[PDB]
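Peer 1: Got a structure for you, final_19.pdb, holding PDB, C-alpha atoms and all ligand atoms.
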ATOM      1  CA  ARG A  53     101.777  15.696 125.090
ATOM      2  CA  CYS A  54     101.349  16.741 128.715
ATOM      3  CA  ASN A  55     103.771  18.011 131.363
ATOM      4  CA  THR A  56     103.688  15.309 134.030
ATOM      5  CA  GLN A  57     105.234  12.045 135.193
ATOM      6  CA  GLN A  58     101.924  10.463 136.231
ATOM      7  CA  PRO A  59     101.199   7.288 134.225
ATOM      8  CA  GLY A  60      97.782   7.319 132.598
ATOM      9  CA  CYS A  61      97.305  11.092 132.779
ATOM     10  CA  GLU A  62      97.881  11.680 129.060
ATOM     11  CA  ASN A  63      95.233   9.112 128.114
ATOM     12  CA  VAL A  64      92.493  10.609 130.285
ATOM     13  CA  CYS A  65      93.408  14.201 129.432
ATOM     14  CA  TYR A  66      93.278  13.476 125.697
ATOM     15  CA  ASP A  67      89.954  11.686 126.151
ATOM     16  CA  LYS A  68      88.526  14.669 128.038
ATOM     17  CA  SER A  69      89.830  17.212 125.520
ATOM     18  CA  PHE A  70      88.437  15.348 122.480
ATOM     19  CA  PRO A  71      85.304  13.285 123.176
ATOM     20  CA  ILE A  72      85.050  12.703 119.414
ATOM     21  CA  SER A  73      87.342  13.588 116.529
ATOM     22  CA  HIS A  74      86.307  16.345 114.137
ATOM     23  CA  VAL A  75      86.859  14.222 111.022
ATOM     24  CA  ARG A  76      84.640  11.358 112.197
ATOM     25  CA  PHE A  77      81.995  13.857 113.318
ATOM     26  CA  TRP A  78      82.016  15.354 109.814
ATOM     27  CA  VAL A  79      81.802  11.890 108.235
ATOM     28  CA  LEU A  80      78.720  11.168 110.338
ATOM     29  CA  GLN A  81      77.282  14.558 109.375
ATOM     30  CA  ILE A  82      77.718  14.002 105.642
ATOM     31  CA  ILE A  83      76.311  10.464 105.775
ATOM     32  CA  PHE A  84      73.237  11.679 107.668
ATOM     33  CA  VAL A  85      72.761  14.577 105.249
ATOM     34  CA  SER A  86      73.085  12.223 102.262
ATOM     35  CA  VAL A  87      70.862   9.272 103.277
ATOM     36  CA  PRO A  88      67.475  10.923 102.499
ATOM     37  CA  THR A  89      68.337  11.514  98.844
ATOM     38  CA  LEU A  90      69.342   7.865  98.459
ATOM     39  CA  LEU A  91      66.026   6.809  99.993
ATOM     40  CA  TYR A  92      64.147   9.089  97.590
ATOM     41  CA  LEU A  93      66.070   7.717  94.604
ATOM     42  CA  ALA A  94      65.246   4.132  95.570
ATOM     43  CA  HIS A  95      61.572   4.998  96.031
ATOM     44  CA  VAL A  96      61.431   6.702  92.631
ATOM     45  CA  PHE A  97      63.144   3.745  90.954
ATOM     46  CA  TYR A  98      60.642   1.247  92.352
ATOM     47  CA  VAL A  99      57.691   3.516  91.532
ATOM     48  CA  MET A 100      58.902   3.840  87.940
ATOM     49  CA  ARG A 101      59.183   0.067  87.608
ATOM     50  CA  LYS A 102      55.635  -0.369  88.916
ATOM     51  CA  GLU A 103      54.316   2.283  86.521
TER      52      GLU A 103
ATOM     53  CA  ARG B  53     111.494  14.051 144.426
ATOM     54  CA  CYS B  54     108.603  15.809 142.704
ATOM     55  CA  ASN B  55     106.005  14.674 140.164
ATOM     56  CA  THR B  56     106.742  16.807 137.109
ATOM     57  CA  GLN B  57     108.748  17.043 133.897
ATOM     58  CA  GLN B  58     109.552  20.750 134.283
ATOM     59  CA  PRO B  59     113.323  21.346 134.532
ATOM     60  CA  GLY B  60     114.295  23.404 137.556
ATOM     61  CA  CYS B  61     111.085  22.764 139.503
ATOM     62  CA  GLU B  62     112.676  20.353 141.986
ATOM     63  CA  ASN B  63     115.396  22.866 142.878
ATOM     64  CA  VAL B  64     113.004  25.721 143.649
ATOM     65  CA  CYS B  65     110.491  23.491 145.433
ATOM     66  CA  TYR B  66     113.194  22.048 147.695
ATOM     67  CA  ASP B  67     114.500  25.553 148.385
ATOM     68  CA  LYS B  68     111.006  26.744 149.327
ATOM     69  CA  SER B  69     110.288  23.715 151.523
ATOM     70  CA  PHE B  70     113.572  23.988 153.472
ATOM     71  CA  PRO B  71     114.962  27.530 153.762
ATOM     72  CA  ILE B  72     117.565  26.135 156.179
ATOM     73  CA  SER B  73     118.400  22.606 157.280
ATOM     74  CA  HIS B  74     117.490  21.515 160.798
ATOM     75  CA  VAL B  75     120.984  20.216 161.589
ATOM     76  CA  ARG B  76     122.744  23.463 160.662
ATOM     77  CA  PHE B  77     120.113  25.445 162.570
ATOM     78  CA  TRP B  78     120.845  23.326 165.651
ATOM     79  CA  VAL B  79     124.601  23.786 165.187
ATOM     80  CA  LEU B  80     124.090  27.553 165.134
ATOM     81  CA  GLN B  81     121.864  27.283 168.210
ATOM     82  CA  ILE B  82     124.412  25.322 170.234
ATOM     83  CA  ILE B  83     127.296  27.604 169.237
ATOM     84  CA  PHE B  84     125.302  30.687 170.248
ATOM     85  CA  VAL B  85     124.278  29.077 173.540
ATOM     86  CA  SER B  86     127.895  28.097 174.261
ATOM     87  CA  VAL B  87     129.817  31.297 173.403
ATOM     88  CA  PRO B  88     128.972  33.249 176.609
ATOM     89  CA  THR B  89     130.517  30.630 178.892
ATOM     90  CA  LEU B  90     133.726  30.699 176.848
ATOM     91  CA  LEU B  91     133.817  34.488 177.151
ATOM     92  CA  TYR B  92     133.329  34.233 180.920
ATOM     93  CA  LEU B  93     136.096  31.634 181.218
ATOM     94  CA  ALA B  94     138.536  33.840 179.308
ATOM     95  CA  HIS B  95     137.650  36.849 181.459
ATOM     96  CA  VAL B  96     138.156  34.853 184.660
ATOM     97  CA  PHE B  97     141.502  33.518 183.429
ATOM     98  CA  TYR B  98     142.842  36.996 182.682
ATOM     99  CA  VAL B  99     141.499  38.383 185.968
ATOM    100  CA  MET B 100     143.221  35.584 187.887
ATOM    101  CA  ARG B 101     146.520  36.315 186.151
ATOM    102  CA  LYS B 102     146.230  40.007 187.034
ATOM    103  CA  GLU B 103     145.417  39.181 190.662
TER     104      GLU B 103
HETATM  105  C1  LIG C 201      72.717   9.498  90.485
HETATM  106  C2  LIG C 201      71.580   8.706  89.802
HETATM  107  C3  LIG C 201      70.782   9.655  88.890
HETATM  108  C4  LIG C 201      72.151   7.553  88.967
HETATM  109  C5  LIG C 201      73.036   6.598  89.833
HETATM  110  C6  LIG C 201      72.146   5.840  90.908
HETATM  111  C7  LIG C 201      71.163   4.779  90.347
HETATM  112  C8  LIG C 201      71.951   3.777  89.464
HETATM  113  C9  LIG C 201      70.392   4.153  91.532
HETATM  114  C10 LIG C 201      69.037   4.866  91.832
HETATM  115  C11 LIG C 201      68.195   3.810  92.574
HETATM  116  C12 LIG C 201      69.102   2.593  92.786
HETATM  117  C13 LIG C 201      68.514   1.206  93.078
HETATM  118  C14 LIG C 201      67.642   1.242  94.328
HETATM  119  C15 LIG C 201      67.543  -0.075  95.046
HETATM  120  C16 LIG C 201      68.279  -1.149  94.827
HETATM  121  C17 LIG C 201      68.675  -1.960  96.042
HETATM  122  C18 LIG C 201      69.203  -3.353  95.735
HETATM  123  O1  LIG C 201      68.110  -4.297  95.662
HETATM  124  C19 LIG C 201      68.491  -5.576  95.779
HETATM  125  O2  LIG C 201      68.553  -6.321  94.866
HETATM  126  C20 LIG C 201      68.844  -5.967  97.181
HETATM  127  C21 LIG C 201      69.096  -7.476  97.301
HETATM  128  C22 LIG C 201      67.842  -8.296  97.319
HETATM  129  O3  LIG C 201      66.820  -7.889  96.712
HETATM  130  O4  LIG C 201      67.815  -9.400  97.954
HETATM  131  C23 LIG C 201      70.006  -3.442  94.481
HETATM  132  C24 LIG C 201      70.396  -2.059  93.986
HETATM  133  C25 LIG C 201      69.198  -1.216  93.632
HETATM  134  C26 LIG C 201      68.447  -1.834  92.441
HETATM  135  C27 LIG C 201      69.671   0.224  93.276
HETATM  136  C28 LIG C 201      70.612   0.262  92.063
HETATM  137  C29 LIG C 201      71.134   1.650  91.745
HETATM  138  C30 LIG C 201      69.998   2.647  91.534
HETATM  139  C31 LIG C 201      69.198   2.307  90.285
HETATM  140  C1  LIG C 202     136.702  23.384 181.167
HETATM  141  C2  LIG C 202     137.766  24.239 181.894
HETATM  142  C3  LIG C 202     137.507  24.184 183.410
HETATM  143  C4  LIG C 202     139.177  23.712 181.595
HETATM  144  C5  LIG C 202     139.464  23.675 180.060
HETATM  145  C6  LIG C 202     139.511  25.148 179.468
HETATM  146  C7  LIG C 202     140.726  26.011 179.897
HETATM  147  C8  LIG C 202     142.032  25.239 179.582
HETATM  148  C9  LIG C 202     140.599  27.399 179.228
HETATM  149  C10 LIG C 202     139.870  28.452 180.119
HETATM  150  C11 LIG C 202     140.350  29.816 179.587
HETATM  151  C12 LIG C 202     141.219  29.529 178.358
HETATM  152  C13 LIG C 202     142.219  30.567 177.833
HETATM  153  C14 LIG C 202     141.509  31.872 177.487
HETATM  154  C15 LIG C 202     142.202  32.687 176.432
HETATM  155  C16 LIG C 202     143.198  32.294 175.659
HETATM  156  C17 LIG C 202     143.182  32.785 174.228
HETATM  157  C18 LIG C 202     144.496  32.616 173.482
HETATM  158  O1  LIG C 202     145.344  33.768 173.696
HETATM  159  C19 LIG C 202     146.331  33.889 172.798
HETATM  160  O2  LIG C 202     147.458  33.626 173.031
HETATM  161  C20 LIG C 202     145.863  34.379 171.461
HETATM  162  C21 LIG C 202     147.040  34.676 170.524
HETATM  163  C22 LIG C 202     147.739  35.967 170.826
HETATM  164  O3  LIG C 202     147.763  36.405 172.003
HETATM  165  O4  LIG C 202     148.299  36.621 169.886
HETATM  166  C23 LIG C 202     145.254  31.382 173.841
HETATM  167  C24 LIG C 202     144.376  30.412 174.614
HETATM  168  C25 LIG C 202     143.901  30.985 175.925
HETATM  169  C26 LIG C 202     145.096  31.225 176.862
HETATM  170  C27 LIG C 202     142.896  29.996 176.585
HETATM  171  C28 LIG C 202     143.522  28.628 176.900
HETATM  172  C29 LIG C 202     142.538  27.633 177.482
HETATM  173  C30 LIG C 202     141.855  28.175 178.734
HETATM  174  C31 LIG C 202     142.852  28.347 179.869
HETATM  175  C1  LIG C 203      87.113   8.205 104.594
HETATM  176  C2  LIG C 203      87.220   9.628 104.062
HETATM  177  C3  LIG C 203      85.831  10.249 103.948
HETATM  178  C4  LIG C 203      85.133   9.730 102.696
HETATM  179  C5  LIG C 203      83.717  10.298 102.610
HETATM  180  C6  LIG C 203      82.799   9.567 103.587
HETATM  181  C7  LIG C 203      81.795   8.701 102.826
HETATM  182  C8  LIG C 203      80.696   9.569 102.217
HETATM  183  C9  LIG C 203      79.500   8.694 101.850
HETATM  184  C10 LIG C 203      78.519   9.480 100.981
HETATM  185  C11 LIG C 203      77.113   9.436 101.577
HETATM  186  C12 LIG C 203      76.558   8.014 101.567
HETATM  187  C13 LIG C 203      75.089   8.038 101.982
HETATM  188  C14 LIG C 203      74.669   6.678 102.536
HETATM  189  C1  LIG C 204     129.565  18.754 162.934
HETATM  190  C2  LIG C 204     128.685  17.992 163.915
HETATM  191  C3  LIG C 204     128.269  18.905 165.065
HETATM  192  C4  LIG C 204     129.420  19.047 166.056
HETATM  193  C5  LIG C 204     129.033  20.012 167.176
HETATM  194  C6  LIG C 204     129.110  21.452 166.675
HETATM  195  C7  LIG C 204     130.278  22.183 167.338
HETATM  196  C8  LIG C 204     129.930  22.550 168.778
HETATM  197  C9  LIG C 204     130.888  23.629 169.277
HETATM  198  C10 LIG C 204     130.751  23.797 170.789
HETATM  199  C11 LIG C 204     130.486  25.259 171.147
HETATM  200  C12 LIG C 204     131.681  26.137 170.784
HETATM  201  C13 LIG C 204     131.463  27.545 171.334
HETATM  202  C14 LIG C 204     132.286  28.560 170.542
END
In structure tokens, write the structure found in this file.
Peer 2:
Amino acid sequence: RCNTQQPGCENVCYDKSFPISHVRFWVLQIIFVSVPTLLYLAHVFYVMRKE
Amino acid sequence: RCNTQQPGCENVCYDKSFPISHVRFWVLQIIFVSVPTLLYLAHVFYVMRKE
């Protein structure tokens, strides 16, 4: 909420205050931190099949 | 009118903008400009009665 009667002010002020939400930022962080292990697991699986 | 949701802001802003209304200021001005002639008329009337 904001103290004003100007239409559209709340939208822009919220957008400026929070360019991105914390929760979605953390979701991106965890996905990025997790991808390399998945890649390594897939590589090991295929190498084991070839061996 | 003012652009705000704050209660009491319109009252104080109007008071600050207009310490006194123009019309009442002009009424005071004309009364002050007119009183001396009335005083002079009364003085002349009483002097004429005495004479
Ligand atoms: C936590 C670990 C120790 C056990 C749980 C994960 C495993 C079951 C993972 C490791 C590597 C994964 C594999 C790596 C790559 C592929 C991609 C994918 O390949 C495809 O068939 C894609 C479709 C296509 O080939 O057209 C199918 C799943 C599979 C076999 C994965 C199945 C799940 C595996 C075996
Ligand atoms: C524009 C001019 C040329 C004509 C129109 C105004 C006159 C009629 C004025 C001039 C002086 C005035 C007088 C000045 C003083 C007094 C005050 C007042 O005296 C009282 O009797 C007060 C009460 C009391 O004595 O206890 C009565 C009106 C009177 C006679 C005024 C009546 C009206 C007068 C005559
Ligand atoms: C929606 C609430 C958050 C749930 C966790 C986000 C998903 C986590 C995925 C795990 C990493 C996947 C690597 C590709
Ligand atoms: C209320 C609208 C304004 C009317 C004029 C104001 C009164 C003028 C009085 C005349 C002077 C009197 C001298 C004592």
Peer 1: At a cut-off of 6 Å and counting all atoms listed in the file, what residues surround ligand LIG 203 (chain C)? Please answer as number ranges by chain.
Peer 2: A: 79, 83, 86-87
Peer 1: Let me know the centre plus edge lengths, in Å and rounded to one decimal, of a box with edges along x, y and z that contains all listed atoms of ligand LIG 201 (chain C) and is padded by 6 Å on every side, as AutoDock Vina command-line options.
Peer 2:
--center_x 69.9 --center_y 0.1 --center_z 93.4 --size_x 18.2 --size_y 31.1 --size_z 21.1
Peer 1: Just to confirm, what's the straight-line distance from atom CA of residue A:57 to atom CA of residue B:55 in Å (one decimal)?
Peer 2: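 Atom CA of residue A:57 sits 5.7 Å away from atom CA of residue B:55.
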Peer 1: Counting only C-alpha atoms and all ligand atoms, what residues are within 10 Å of ligand LIG 204 (chain C), given as a PyMOL selection string?
Peer 2: chain B and resi 75-76+78-91
Peer 1: Can you tell me which residues come within 12 Å of ligand LIG 201 (chain C) when counting all atoms listed in the file, ideally as a ChimeraX atom specification?
Peer 2: /A:89-101
Peer 1: Would you mind completing stretch 70-99 of chain A to N, CA and C atoms and writing the output as an mmCIF file, keeping the file's coordinate frame?
Peer 2:
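Written output follows (rebuild_23.cif):
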data_model
loop_
_atom_site.group_PDB
_atom_site.id
_atom_site.type_symbol
_atom_site.label_atom_id
_atom_site.label_comp_id
_atom_site.auth_asym_id
_atom_site.auth_seq_id
_atom_site.Cartn_x
_atom_site.Cartn_y
_atom_site.Cartn_z
ATOM 1 N N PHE A 70 89.052 15.707 123.758
ATOM 2 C CA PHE A 70 88.437 15.348 122.480
ATOM 3 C C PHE A 70 87.507 14.159 122.676
ATOM 4 N N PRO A 71 86.260 14.399 123.086
ATOM 5 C CA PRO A 71 85.304 13.285 123.176
ATOM 6 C C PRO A 71 85.082 12.579 121.853
ATOM 7 N N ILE A 72 85.138 13.303 120.739
ATOM 8 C CA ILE A 72 85.050 12.703 119.414
ATOM 9 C C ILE A 72 85.864 13.552 118.452
ATOM 10 N N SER A 73 86.516 12.889 117.500
ATOM 11 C CA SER A 73 87.342 13.588 116.529
ATOM 12 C C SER A 73 86.480 14.380 115.552
ATOM 13 N N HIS A 74 87.031 15.499 115.080
ATOM 14 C CA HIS A 74 86.307 16.345 114.137
ATOM 15 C C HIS A 74 86.031 15.615 112.829
ATOM 16 N N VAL A 75 87.011 14.864 112.325
ATOM 17 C CA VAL A 75 86.859 14.222 111.022
ATOM 18 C C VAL A 75 85.741 13.187 111.054
ATOM 19 N N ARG A 76 85.689 12.369 112.104
ATOM 20 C CA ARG A 76 84.640 11.358 112.197
ATOM 21 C C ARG A 76 83.273 11.997 112.415
ATOM 22 N N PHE A 77 83.229 13.092 113.175
ATOM 23 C CA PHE A 77 81.995 13.857 113.318
ATOM 24 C C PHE A 77 81.499 14.351 111.964
ATOM 25 N N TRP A 78 82.409 14.861 111.130
ATOM 26 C CA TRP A 78 82.016 15.354 109.814
ATOM 27 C C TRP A 78 81.585 14.214 108.898
ATOM 28 N N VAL A 79 82.223 13.050 109.018
ATOM 29 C CA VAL A 79 81.802 11.890 108.235
ATOM 30 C C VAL A 79 80.375 11.497 108.603
ATOM 31 N N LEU A 80 80.084 11.447 109.904
ATOM 32 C CA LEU A 80 78.720 11.168 110.338
ATOM 33 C C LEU A 80 77.753 12.212 109.797
ATOM 34 N N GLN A 81 78.144 13.486 109.856
ATOM 35 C CA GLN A 81 77.282 14.558 109.375
ATOM 36 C C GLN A 81 76.948 14.376 107.901
ATOM 37 N N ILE A 82 77.959 14.095 107.078
ATOM 38 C CA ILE A 82 77.718 14.002 105.642
ATOM 39 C C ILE A 82 76.880 12.770 105.322
ATOM 40 N N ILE A 83 77.123 11.655 106.016
ATOM 41 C CA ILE A 83 76.311 10.464 105.775
ATOM 42 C C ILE A 83 74.850 10.733 106.124
ATOM 43 N N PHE A 84 74.608 11.376 107.269
ATOM 44 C CA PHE A 84 73.237 11.679 107.668
ATOM 45 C C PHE A 84 72.574 12.646 106.697
ATOM 46 N N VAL A 85 73.324 13.635 106.207
ATOM 47 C CA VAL A 85 72.761 14.577 105.249
ATOM 48 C C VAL A 85 72.500 13.921 103.900
ATOM 49 N N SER A 86 73.216 12.845 103.575
ATOM 50 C CA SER A 86 73.085 12.223 102.262
ATOM 51 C C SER A 86 72.036 11.116 102.208
ATOM 52 N N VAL A 87 71.761 10.436 103.325
ATOM 53 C CA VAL A 87 70.862 9.272 103.277
ATOM 54 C C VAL A 87 69.499 9.600 102.677
ATOM 55 N N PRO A 88 68.848 10.729 102.998
ATOM 56 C CA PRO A 88 67.475 10.923 102.499
ATOM 57 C C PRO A 88 67.377 10.928 100.985
ATOM 58 N N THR A 89 68.368 11.499 100.300
ATOM 59 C CA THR A 89 68.337 11.514 98.844
ATOM 60 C C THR A 89 68.434 10.105 98.280
ATOM 61 N N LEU A 90 69.258 9.254 98.894
ATOM 62 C CA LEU A 90 69.342 7.865 98.459
ATOM 63 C C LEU A 90 68.006 7.155 98.644
ATOM 64 N N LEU A 91 67.349 7.390 99.783
ATOM 65 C CA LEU A 91 66.026 6.809 99.993
ATOM 66 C C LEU A 91 65.049 7.264 98.914
ATOM 67 N N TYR A 92 65.057 8.562 98.603
ATOM 68 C CA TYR A 92 64.147 9.089 97.590
ATOM 69 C C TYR A 92 64.433 8.478 96.225
ATOM 70 N N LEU A 93 65.713 8.327 95.879
ATOM 71 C CA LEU A 93 66.070 7.717 94.604
ATOM 72 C C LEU A 93 65.556 6.289 94.515
ATOM 73 N N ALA A 94 65.736 5.507 95.583
ATOM 74 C CA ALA A 94 65.246 4.132 95.570
ATOM 75 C C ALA A 94 63.732 4.090 95.410
ATOM 76 N N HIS A 95 63.025 4.956 96.141
ATOM 77 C CA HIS A 95 61.572 4.998 96.031
ATOM 78 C C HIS A 95 61.141 5.326 94.609
ATOM 79 N N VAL A 96 61.793 6.310 93.988
ATOM 80 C CA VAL A 96 61.431 6.702 92.631
ATOM 81 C C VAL A 96 61.698 5.562 91.659
ATOM 82 N N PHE A 97 62.821 4.863 91.833
ATOM 83 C CA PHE A 97 63.144 3.745 90.954
ATOM 84 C C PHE A 97 62.058 2.674 91.013
ATOM 85 N N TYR A 98 61.670 2.277 92.227
ATOM 86 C CA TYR A 98 60.642 1.247 92.352
ATOM 87 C C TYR A 98 59.288 1.721 91.826
ATOM 88 N N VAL A 99 58.943 2.987 92.061
ATOM 89 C CA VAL A 99 57.691 3.516 91.532
ATOM 90 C C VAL A 99 57.698 3.484 90.010
#
